[PDB]
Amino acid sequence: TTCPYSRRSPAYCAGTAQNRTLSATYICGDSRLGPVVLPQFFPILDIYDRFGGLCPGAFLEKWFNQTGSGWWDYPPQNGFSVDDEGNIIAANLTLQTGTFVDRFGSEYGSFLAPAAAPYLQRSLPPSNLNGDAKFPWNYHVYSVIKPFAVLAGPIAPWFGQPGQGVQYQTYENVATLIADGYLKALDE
């Protein structure tokens, strides 16, 4: 599956914002499609396309709004892989002390990932690559100082990404896990 528009085609940005002022910053001058120059990504990877092979317009048509939300349509069941009988592939897993986990988001949320898993494995939409700082303000890395249990399981493919990394849903939010002496942030 690939976009029929060529590399020399002017119609590649069909059905997008088509904002001349931003077109050097965001793909098609459309912030939802992410930046023209990708920052960090945590050879064969060429098999994967930022839009899963669709064209920008077709990408937005498949994944954005669709319901009335005015934002992305997220996968079912917090994005865990769903087995052939309709149940998430996930169970309570105890994180050993010294484990590195990270979160793309502020300490309010309850989701973590194995540290430095690749962006493409998290099945995040492309608007989240919109970053100028080396490392985003909300990106955090932690070590497990004190064992605790999470709902752990594979990440379903979504938003044209292959997914199939692993994610941890915590039972307290990250701020609380820091406060109670489970997660210790680290700096550079």
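Numbers follow the displayed sequence, beginning with 1.
In this entry, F42 is separated from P43 by 4 to 9 residues of the deposited sequence that have no coordinates. For the pair 54 to 62 and 129 to 137, the record assigns the higher mean C-alpha temperature factor to 129 to 137.
Stretches 176 to 184 and 161 to 169 differ in mean C-alpha B factor, with the higher average recorded for 176 to 184. The entry lists C-alpha B-factors for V150, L33, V37, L120, and the highest of these is at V37.
Going by the entry's values, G109 shows the largest Cα B-factor out of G86, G79, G109, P114. When the modelled residues of the chain are ordered by C-alpha B-factor, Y142 sits in the lowest third.
Per-chain ranking of the deposited C-alpha B factor places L22 in the highest third.
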